[PDB]
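As structure tokens, the structure follows; a few thoughts come after it.
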Amino acid sequence: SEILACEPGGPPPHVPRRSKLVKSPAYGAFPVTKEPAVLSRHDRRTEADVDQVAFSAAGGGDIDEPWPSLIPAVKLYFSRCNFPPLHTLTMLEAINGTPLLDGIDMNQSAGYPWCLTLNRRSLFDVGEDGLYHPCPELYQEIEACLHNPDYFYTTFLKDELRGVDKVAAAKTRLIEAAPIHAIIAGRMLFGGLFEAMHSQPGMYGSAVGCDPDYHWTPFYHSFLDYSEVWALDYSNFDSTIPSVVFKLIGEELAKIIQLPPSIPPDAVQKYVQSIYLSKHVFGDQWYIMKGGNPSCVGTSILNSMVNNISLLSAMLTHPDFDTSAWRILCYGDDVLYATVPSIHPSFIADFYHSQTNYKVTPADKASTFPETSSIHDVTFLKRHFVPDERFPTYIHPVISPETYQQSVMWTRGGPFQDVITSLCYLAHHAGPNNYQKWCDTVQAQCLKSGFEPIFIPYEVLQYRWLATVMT
């Protein structure tokens, strides 16, 4: 991306420098390979400056002109999508939801400048209809955003567990939140698109809105015409996305989305411009990012499309690419793809280096791509695909054991049993006795700390999984 000067928008917010993650009653259970990310510039665990490292991948440059295969990739992706005319959501639908899209999370931040003196719930009144209505001040900001999407993302250091290597290097990610009036305006303009995609994960090359327990089965079987399936990940995807890709997507969506009379006719392109030419506030640092996208559900939908377009623009340069025999599945920077004939991720990586700012790598910190790869070797959202031993047509999402082995050793301050319960939903897919080994190890450590954990029985988790997957 490219970082530009920006006029301040008011009183600056505060960047939290202390982690909410504290050691849990199970902290000694497994060898500690993860710790809370560096948030303070004075953290003793690192010799680096976190504010410097966290922004080091930004400002590397933006691409304004399309590379020769980019426009063909745009046409190819939208040709396969075959979207019918889409419409906008009403303001009340964008707030409270539709049969195909849930309402907003009232517990999330209200964003700038609301998040200075007010939370999200305070800005709404429950009407006699039983739905949430915006207060007269929020309604007017949503309206003004539809005519001029001028708003600030609040930027913070993401408080989360990280590998001990990333802690020592102060490599902590950024979390950026849009304001509530920009979110509701965005759910109005693009809610028809969000409905179509979020309610059909696996279609349009996007996995956004998926439930891994349920969708791992159709995801798995969708890659069955292919002998080789590839996984790859982007480093600094949210900074390296060029403006030109978002701009081209906005022009396609402008022709698809039908606008109501109260909305200016270029609102689609103008809102997308507020995404790739965005305003940010990080503490008292006010700046504009040209290129990239702040790292939200709507942004994950557009990021999926960006990822699909970018990958297709790489495959279109391969001499043997069959424009009809391919499938892509994306969630953010996470990607599965397969082509016939198989295109090795080496080829995509080399094309990206010569024409874009994308730096692409294996999905398992493997530092190299395997010579071959199948649906059984691949990981997607940190999960393998493993058929059930008794009903092999149904596929378990088997997350890496490091996920729930490390997470259980930390808490954010709630009832610790809630941490144990939510990890049971991830861990039981490893098999009844691998699940038991995790439960037994966690219980022995908790006993020394004065806590008695209760684990959901394996029979409950396996039955309910088979029930939802339609067994």
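In the structure tokens, the first chain shown is A, the next is B, and so on; residue numbers restart at 1 for each chain, and ligands run from 1 in the order shown.
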Quick one: contact table of range 214-238 of chain A to range 371-377 of chain A, 7 Å max, nearest atom pair and distance in Å to one decimal per residue, counting only C-alpha atoms, chain and number order, as CSV?
residue,atom,partner,partner_atom,distance
A:227,CA,A:374,CA,6.4
A:228,CA,A:374,CA,4.7
A:229,CA,A:374,CA,4.8
A:230,CA,A:373,CA,6.0
What does the file look like for those residues with N, CA, C and O atoms, as a JSON list (two decimals), in the first residue's frame?
[["chain", "number", "residue", "atom", "x", "y", "z"],
["A", 227, "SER", "N", -7.19, -34.32, -8.92],
["A", 227, "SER", "CA", -6.25, -35.19, -8.22],
["A", 227, "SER", "C", -5.35, -34.40, -7.28],
["A", 227, "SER", "O", -4.86, -34.95, -6.29],
["A", 228, "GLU", "N", -5.12, -33.12, -7.57],
["A", 228, "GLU", "CA", -4.25, -32.28, -6.76],
["A", 228, "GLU", "C", -5.02, -31.04, -6.30],
["A", 228, "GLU", "O", -5.66, -30.37, -7.11],
["A", 229, "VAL", "N", -4.96, -30.77, -5.00],
["A", 229, "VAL", "CA", -5.56, -29.59, -4.40],
["A", 229, "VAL", "C", -4.46, -28.86, -3.63],
["A", 229, "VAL", "O", -3.68, -29.50, -2.92],
["A", 230, "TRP", "N", -4.39, -27.54, -3.79],
["A", 230, "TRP", "CA", -3.31, -26.74, -3.24],
["A", 230, "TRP", "C", -3.84, -25.75, -2.21],
["A", 230, "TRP", "O", -4.92, -25.18, -2.38]]
Point out the residue among A:152, A:465, A:410, A:219 with the least atom-to-atom distance to residue 380 in chain A, counting only C-alpha atoms.
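Once distances to residue 380 in chain A are computed over only C-alpha atoms, the minimum belongs to A:219.
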Distance query range 442-447 of chain A at most 6 Å, only C-alpha atoms, self and fewer than 6 positions along chain excluded, as a PyMOL selection string:
chain A and resi 25-26+29
Using the selection just defined, write its residues with N, CA and C atoms as a short mmCIF file (atom, residue, chain, number, x, y, z; two decimals), in the first residue's frame.
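To be explicit, this is the file written out as again12.cif:
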data_model
loop_
_atom_site.label_atom_id
_atom_site.label_comp_id
_atom_site.auth_asym_id
_atom_site.auth_seq_id
_atom_site.Cartn_x
_atom_site.Cartn_y
_atom_site.Cartn_z
N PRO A 25 -6.11 -21.44 34.61
CA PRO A 25 -5.82 -22.55 35.53
C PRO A 25 -5.18 -23.77 34.87
N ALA A 26 -5.14 -23.82 33.54
CA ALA A 26 -4.54 -24.94 32.82
C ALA A 26 -3.18 -24.58 32.22
N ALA A 29 -0.31 -27.11 31.25
CA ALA A 29 -0.71 -28.42 30.72
C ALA A 29 0.19 -28.87 29.57
#
Using only C-alpha atoms, which residue out of A:105, A:160, A:402, A:141 lies closest to residue 33 in chain A?
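For residue 33 in chain A, the nearest of the given residues is A:402.
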For residue 303 in chain A, list every protein, DNA or RNA residue within 9 Å, evaluated using only C-alpha atoms, and leave out those in the same chain fewer than 6 positions away; present the list as a ChimeraX atom specification.
/A:238,241,246,293,330-333
Find the residues around residue 206 in chain A up to 8 Å (only C-alpha atoms counted), leave out those fewer than 2 positions away in its own chain, and share them as a ChimeraX atom specification.
/A:197,201-204,208,301,304-305,328-331
Excluding residue 84 in chain A and residues on its chain fewer than 2 positions from it, collect all residues at most 12 Å away from it, counting only C-alpha atoms, and give them as a ChimeraX atom specification.
/A:78-82,86-87,192-193,196,253,255-258
Using C-alpha atoms, can you export the residues from the last selection as a PDB file, in the first residue's frame?
ATOM      1  CA  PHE A  78     -17.875 -12.585 -12.713  1.00  0.00           C
ATOM      2  CA  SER A  79     -18.748 -14.797 -15.689  1.00  0.00           C
ATOM      3  CA  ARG A  80     -18.693 -17.865 -13.442  1.00  0.00           C
ATOM      4  CA  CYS A  81     -20.468 -16.028 -10.606  1.00  0.00           C
ATOM      5  CA  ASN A  82     -23.397 -15.238 -12.947  1.00  0.00           C
ATOM      6  CA  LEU A  86     -29.018  -7.532  -6.891  1.00  0.00           C
ATOM      7  CA  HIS A  87     -30.721  -4.961  -4.682  1.00  0.00           C
ATOM      8  CA  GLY A 192     -27.957  -7.990  -1.438  1.00  0.00           C
ATOM      9  CA  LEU A 193     -24.507  -9.239  -2.408  1.00  0.00           C
ATOM     10  CA  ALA A 196     -26.270 -14.082  -1.948  1.00  0.00           C
ATOM     11  CA  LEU A 253     -20.750  -4.420  -8.842  1.00  0.00           C
ATOM     12  CA  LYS A 255     -23.705  -2.649 -12.900  1.00  0.00           C
ATOM     13  CA  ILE A 256     -25.135  -5.486 -10.777  1.00  0.00           C
ATOM     14  CA  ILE A 257     -26.477  -3.658  -7.703  1.00  0.00           C
ATOM     15  CA  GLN A 258     -29.742  -1.790  -8.322  1.00  0.00           C
TER      16      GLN A 258
END
If you run DSSP on the backbone here, which positions in range 22-162 of chain A get strand (DSSP E)? Please write them as a PDB file with N, CA, C and O atoms, in the first residue's frame.
ATOM      1  N   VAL A  22      -4.515 -13.499  30.231  1.00  0.00           N
ATOM      2  CA  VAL A  22      -3.783 -13.872  31.432  1.00  0.00           C
ATOM      3  C   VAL A  22      -3.755 -15.392  31.527  1.00  0.00           C
ATOM      4  O   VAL A  22      -4.577 -16.092  30.931  1.00  0.00           O
ATOM      5  N   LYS A  23      -2.778 -15.900  32.277  1.00  0.00           N
ATOM      6  CA  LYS A  23      -2.614 -17.341  32.415  1.00  0.00           C
ATOM      7  C   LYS A  23      -3.852 -17.969  33.044  1.00  0.00           C
ATOM      8  O   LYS A  23      -4.415 -17.448  34.011  1.00  0.00           O
ATOM      9  N   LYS A  34       3.139 -20.555  22.466  1.00  0.00           N
ATOM     10  CA  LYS A  34       2.461 -19.323  22.098  1.00  0.00           C
ATOM     11  C   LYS A  34       2.306 -18.447  23.331  1.00  0.00           C
ATOM     12  O   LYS A  34       2.172 -18.946  24.451  1.00  0.00           O
ATOM     13  N   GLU A  35       2.315 -17.139  23.108  1.00  0.00           N
ATOM     14  CA  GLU A  35       2.165 -16.143  24.156  1.00  0.00           C
ATOM     15  C   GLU A  35       1.394 -14.962  23.587  1.00  0.00           C
ATOM     16  O   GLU A  35       1.303 -14.807  22.364  1.00  0.00           O
ATOM     17  N   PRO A  36       0.810 -14.122  24.446  1.00  0.00           N
ATOM     18  CA  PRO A  36       0.117 -12.928  23.946  1.00  0.00           C
ATOM     19  C   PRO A  36       1.051 -12.031  23.147  1.00  0.00           C
ATOM     20  O   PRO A  36       2.219 -11.854  23.496  1.00  0.00           O
ATOM     21  N   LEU A  86     -28.940  -7.568  -8.343  1.00  0.00           N
ATOM     22  CA  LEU A  86     -29.018  -7.532  -6.891  1.00  0.00           C
ATOM     23  C   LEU A  86     -29.544  -6.176  -6.438  1.00  0.00           C
ATOM     24  O   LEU A  86     -29.472  -5.182  -7.164  1.00  0.00           O
ATOM     25  N   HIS A  87     -30.076  -6.148  -5.219  1.00  0.00           N
ATOM     26  CA  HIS A  87     -30.721  -4.961  -4.682  1.00  0.00           C
ATOM     27  C   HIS A  87     -30.088  -4.580  -3.352  1.00  0.00           C
ATOM     28  O   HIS A  87     -29.293  -5.326  -2.773  1.00  0.00           O
ATOM     29  N   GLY A  97     -31.475  -7.475  10.248  1.00  0.00           N
ATOM     30  CA  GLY A  97     -31.219  -8.695   9.511  1.00  0.00           C
ATOM     31  C   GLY A  97     -32.391  -9.096   8.629  1.00  0.00           C
ATOM     32  O   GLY A  97     -33.460  -8.483   8.627  1.00  0.00           O
ATOM     33  N   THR A  98     -32.153 -10.152   7.853  1.00  0.00           N
ATOM     34  CA  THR A  98     -33.125 -10.722   6.929  1.00  0.00           C
ATOM     35  C   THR A  98     -33.101 -12.239   7.095  1.00  0.00           C
ATOM     36  O   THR A  98     -32.266 -12.753   7.851  1.00  0.00           O
ATOM     37  N   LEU A 101     -29.424 -13.099   6.319  1.00  0.00           N
ATOM     38  CA  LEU A 101     -28.308 -12.344   6.877  1.00  0.00           C
ATOM     39  C   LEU A 101     -28.669 -11.879   8.280  1.00  0.00           C
ATOM     40  O   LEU A 101     -29.713 -11.254   8.477  1.00  0.00           O
ATOM     41  N   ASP A 102     -27.804 -12.183   9.244  1.00  0.00           N
ATOM     42  CA  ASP A 102     -28.067 -11.813  10.625  1.00  0.00           C
ATOM     43  C   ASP A 102     -27.855 -10.318  10.835  1.00  0.00           C
ATOM     44  O   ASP A 102     -27.127  -9.652  10.092  1.00  0.00           O
ATOM     45  N   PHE A 124     -29.356   2.946  19.584  1.00  0.00           N
ATOM     46  CA  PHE A 124     -30.567   2.356  19.028  1.00  0.00           C
ATOM     47  C   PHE A 124     -31.682   2.339  20.064  1.00  0.00           C
ATOM     48  O   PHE A 124     -31.439   2.185  21.266  1.00  0.00           O
ATOM     49  N   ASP A 125     -32.912   2.494  19.577  1.00  0.00           N
ATOM     50  CA  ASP A 125     -34.117   2.360  20.383  1.00  0.00           C
ATOM     51  C   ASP A 125     -34.946   1.206  19.843  1.00  0.00           C
ATOM     52  O   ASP A 125     -35.074   1.038  18.626  1.00  0.00           O
ATOM     53  N   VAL A 126     -35.503   0.405  20.746  1.00  0.00           N
ATOM     54  CA  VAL A 126     -36.330  -0.732  20.352  1.00  0.00           C
ATOM     55  C   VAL A 126     -37.729  -0.212  20.038  1.00  0.00           C
ATOM     56  O   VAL A 126     -38.439   0.266  20.926  1.00  0.00           O
ATOM     57  N   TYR A 132     -34.723  -2.845  16.083  1.00  0.00           N
ATOM     58  CA  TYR A 132     -33.846  -1.749  16.465  1.00  0.00           C
ATOM     59  C   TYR A 132     -33.961  -0.619  15.452  1.00  0.00           C
ATOM     60  O   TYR A 132     -33.883  -0.852  14.241  1.00  0.00           O
ATOM     61  N   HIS A 133     -34.143   0.601  15.952  1.00  0.00           N
ATOM     62  CA  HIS A 133     -34.162   1.787  15.121  1.00  0.00           C
ATOM     63  C   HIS A 133     -33.016   2.712  15.506  1.00  0.00           C
ATOM     64  O   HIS A 133     -32.704   2.844  16.694  1.00  0.00           O
ATOM     65  N   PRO A 134     -32.367   3.355  14.539  1.00  0.00           N
ATOM     66  CA  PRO A 134     -31.287   4.286  14.883  1.00  0.00           C
ATOM     67  C   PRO A 134     -31.836   5.550  15.530  1.00  0.00           C
ATOM     68  O   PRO A 134     -32.917   6.029  15.181  1.00  0.00           O
ATOM     69  N   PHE A 152     -13.572   7.209   9.387  1.00  0.00           N
ATOM     70  CA  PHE A 152     -12.282   6.762   9.901  1.00  0.00           C
ATOM     71  C   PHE A 152     -12.371   5.318  10.381  1.00  0.00           C
ATOM     72  O   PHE A 152     -13.316   4.953  11.088  1.00  0.00           O
ATOM     73  N   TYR A 153     -11.384   4.507  10.007  1.00  0.00           N
ATOM     74  CA  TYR A 153     -11.145   3.238  10.680  1.00  0.00           C
ATOM     75  C   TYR A 153     -10.308   3.488  11.929  1.00  0.00           C
ATOM     76  O   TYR A 153      -9.319   4.225  11.881  1.00  0.00           O
ATOM     77  N   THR A 154     -10.704   2.882  13.046  1.00  0.00           N
ATOM     78  CA  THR A 154      -9.872   2.875  14.245  1.00  0.00           C
ATOM     79  C   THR A 154      -8.904   1.702  14.173  1.00  0.00           C
ATOM     80  O   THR A 154      -9.324   0.558  13.982  1.00  0.00           O
ATOM     81  N   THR A 155      -7.614   1.987  14.328  1.00  0.00           N
ATOM     82  CA  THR A 155      -6.559   0.986  14.197  1.00  0.00           C
ATOM     83  C   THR A 155      -5.972   0.664  15.566  1.00  0.00           C
ATOM     84  O   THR A 155      -5.618   1.574  16.323  1.00  0.00           O
ATOM     85  N   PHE A 156      -5.859  -0.626  15.871  1.00  0.00           N
ATOM     86  CA  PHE A 156      -5.270  -1.094  17.115  1.00  0.00           C
ATOM     87  C   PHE A 156      -4.312  -2.242  16.831  1.00  0.00           C
ATOM     88  O   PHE A 156      -4.339  -2.855  15.760  1.00  0.00           O
ATOM     89  N   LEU A 157      -3.455  -2.522  17.806  1.00  0.00           N
ATOM     90  CA  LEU A 157      -2.672  -3.748  17.799  1.00  0.00           C
ATOM     91  C   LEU A 157      -3.550  -4.899  18.274  1.00  0.00           C
ATOM     92  O   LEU A 157      -4.234  -4.795  19.300  1.00  0.00           O
ATOM     93  N   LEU A 161      -3.023 -14.492  20.944  1.00  0.00           N
ATOM     94  CA  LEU A 161      -1.897 -15.405  21.094  1.00  0.00           C
ATOM     95  C   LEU A 161      -1.093 -15.471  19.802  1.00  0.00           C
ATOM     96  O   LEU A 161      -1.653 -15.513  18.702  1.00  0.00           O
ATOM     97  N   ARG A 162       0.233 -15.478  19.937  1.00  0.00           N
ATOM     98  CA  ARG A 162       1.132 -15.571  18.797  1.00  0.00           C
ATOM     99  C   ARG A 162       2.253 -16.547  19.121  1.00  0.00           C
ATOM    100  O   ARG A 162       2.587 -16.761  20.289  1.00  0.00           O
TER     101      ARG A 162
END
Would you mind listing what lies within 6 Å of range 264-273 of chain A as an NGL selection string, with only C-alpha atoms counted and same-chain residues fewer than 4 positions away left out?
:A and (149 or 250 or 254 or 277)
Convert the current residue selection to file output with N, CA, C and O atoms, as a PDB file, in the first residue's frame.
ATOM      1  N   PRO A 149     -19.152   8.805   1.576  1.00  0.00           N
ATOM      2  CA  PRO A 149     -18.581   7.872   2.559  1.00  0.00           C
ATOM      3  C   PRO A 149     -17.243   8.347   3.110  1.00  0.00           C
ATOM      4  O   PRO A 149     -16.184   7.856   2.707  1.00  0.00           O
ATOM      5  N   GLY A 250     -15.443  -2.740  -8.104  1.00  0.00           N
ATOM      6  CA  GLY A 250     -16.492  -1.759  -7.882  1.00  0.00           C
ATOM      7  C   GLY A 250     -17.269  -1.435  -9.143  1.00  0.00           C
ATOM      8  O   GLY A 250     -18.486  -1.241  -9.100  1.00  0.00           O
ATOM      9  N   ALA A 254     -21.144  -2.133  -9.615  1.00  0.00           N
ATOM     10  CA  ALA A 254     -21.986  -0.982  -9.933  1.00  0.00           C
ATOM     11  C   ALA A 254     -23.065  -1.350 -10.942  1.00  0.00           C
ATOM     12  O   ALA A 254     -24.192  -0.845 -10.867  1.00  0.00           O
ATOM     13  N   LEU A 277      -9.011   3.614  -0.613  1.00  0.00           N
ATOM     14  CA  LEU A 277      -8.417   4.911  -0.269  1.00  0.00           C
ATOM     15  C   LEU A 277      -9.042   5.315   1.064  1.00  0.00           C
ATOM     16  O   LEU A 277      -9.921   6.179   1.121  1.00  0.00           O
TER      17      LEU A 277
END
Members of range 146-220 of chain A assigned helix (DSSP H, G or I) by DSSP, as a count of residues only
34
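Proximity of A:61, A:345, A:72, A:370 to residue 242 in chain A, computed with only C-alpha atoms, is greatest for A:61.
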Can you measure CA of residue 56 in chain A to CA of residue 166 in chain A for me? One decimal in Å is fine.
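Going from CA of residue 56 in chain A over to CA of residue 166 in chain A covers 13.9 Å.
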